[PDB]
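Only one chain is given next, in structure tokens, and it is the form deposited in one PDB entry.
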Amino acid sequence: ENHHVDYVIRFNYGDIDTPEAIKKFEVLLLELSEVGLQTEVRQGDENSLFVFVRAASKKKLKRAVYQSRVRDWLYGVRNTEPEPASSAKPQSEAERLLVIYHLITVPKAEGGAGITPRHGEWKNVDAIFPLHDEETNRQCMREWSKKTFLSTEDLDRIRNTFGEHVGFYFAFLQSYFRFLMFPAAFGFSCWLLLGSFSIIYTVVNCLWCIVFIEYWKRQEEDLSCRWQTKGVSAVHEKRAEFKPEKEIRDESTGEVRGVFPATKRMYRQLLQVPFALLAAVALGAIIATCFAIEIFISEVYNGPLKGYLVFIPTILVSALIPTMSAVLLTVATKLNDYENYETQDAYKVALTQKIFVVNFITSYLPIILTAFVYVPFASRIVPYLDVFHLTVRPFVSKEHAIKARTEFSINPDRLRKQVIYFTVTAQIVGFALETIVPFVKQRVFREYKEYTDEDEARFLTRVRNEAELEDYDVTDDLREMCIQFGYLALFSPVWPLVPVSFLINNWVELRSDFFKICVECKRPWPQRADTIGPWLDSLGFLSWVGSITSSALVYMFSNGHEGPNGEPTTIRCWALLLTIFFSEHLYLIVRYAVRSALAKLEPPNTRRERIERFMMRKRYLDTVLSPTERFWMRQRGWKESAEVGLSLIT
């Protein structure tokens, strides 16, 4: 059905001249041939060729699979000895696709073709992608669209098709959804019986966050052992953009390495603090200014055309936060390039960590402003917001803009409504923008280009359609789930139905993300992983911060949703600070206890890998490696000493 194709290499010739294009193309085909791959060339687009790649021989494929397994075993990623090359069948499509992707991409010295798409020698090579298995995808979709949980076999199927990175994301999402049943039930019970800002709800929520994060750390270790990816960072793919200072030739492996000093990288990484403060200043200024405009227009201004003016600040936010975030992403990418980052995974993790500052600010600063600035203050702030009258100055006359005032009186529904928005309406709108609109845009761009050799015209047209799809990044889905967890950890006391909303959304999220991968995206090459990465630390940080924000909220809103109704008078700053101190430190103590208790419970795959390391070393040992003297002359054997002892005893 896929015509035995492993990868499609898109070669762009449109932006270059014919002689250089022909020379580069011949070089590409020669490298593919010399690395043991079979090529077929077809017209991809009007400006690109499709190089269809396949293992040229079953023997060569078995040899490459065996060498990949041997490299994994040598670097300790697996403990079982690699089976001989005659029995080296790819145990899944993900393994064959990974071996062939490495053959195409790893440098010539490392034993492959050095095709680095969108890099120096290969800027014409635009994309290297495998083909979707449409029947398997549709079977999986229809099968687990009718179940509650995905089986371990279902997760293994995802891993065997899309690799362990996508597999880890779906395993984490399934575990998060399963753990969300407890907070969903408990928060519905609290919303029914206690209402919001309940001490018992906040305590149980913090405890649940602790338990889920520690459980997932343990489960990640277990799953990376079960998928044979534990310690996979030892064989992380280098990135071709890495600029080494000197070239050193280690003696263990007869190769030059290209060293770069770690301390110099740390000096360059000092710039992350200024980047973070820049992003905080810019994004917080935009968000707080739009919040002040929103407050003025919606609650201070009392002139004509109030809806058409209250839609102003939401528009400005929706236009300016994406733009400022794109600028900050450009700055973060330039800083990530300045830091050198030998490996692609290190580069990706560092960029994700820089972007997490922007994510935190844009996701949580609105609710933080409403909760800890608008509610306690803003009876003392709205006198300073008369200056924002000019935002309504263009649409209404100067006198009507001035005579539009009333007692400010803070809205006690503002915070609950903002939390309900971010945890329900944002979820629905994000589902729409994430699955529906890209799908419709793809179908529209297809029928636009489709409206205005005979035996492979269908396969080739569907390959040309797959070539237009989006490039799936599992980091985006992990980011979304971690930001959602942050909402739960930080602001769930405001509205205890947040975990119910997240439970429903995450059940739908598994299926809709799988659909997006299978239908709206090119099939990702089966990248490996032994963890969700920096997102685990992000979740730990969010839960820590939530222990502070939730306790602050429970203190401030003890008297109800109004709490300090605009005035900071009722808030005793020492009692708020003491609440925060004891809550955060009870959090840290309970987290330490839970982590230490879970460290005493070794999971089965982890114990099996430890025992297997022992057994491998035992096999190795079994196959290879196969005056003063007058003091001791007094009592010959153990019996003479026994009689001397008897004589001394009696």
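Quick note: we count residues from 1 along the sequence shown, nothing fancier. We call the rigid core whatever largest set of C-alpha positions still superposes within 1.5 Å between the two forms.
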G254 left out of the model in a third or more of other PDB entries: yes
Test item: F514 lacks coordinates in at least a third of other entries: no
Residues with no coordinates between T452 and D453, taken from the deposited sequence as a class: 10 or more
Deposited but uncoordinated residues in the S626/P627 interval: 10 or more
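One more form of this protein, deposited in another entry, exists but is not displayed; see below.
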Mobile residue between the shown form and the other one, C-alpha criterion 2 Å or more, rigid core, from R414, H102, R226, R523: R414
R595 C-alpha relocation of at least 2 Å between the shown form and the other one, rigid core basis: no
Rigid core superposed: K23 CA moves 2 Å or more between the shown form and the other one: no
Core-superposed comparison between the shown form and the other one, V235 Cα displacement 2 Å or beyond: yes
Sense of the change in Cα distance from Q427 to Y169 in the other form - at least 3 Å versus the shown form: farther
Direction of Cα pair change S538-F291 in the other form, magnitude 3 angstroms or more: farther
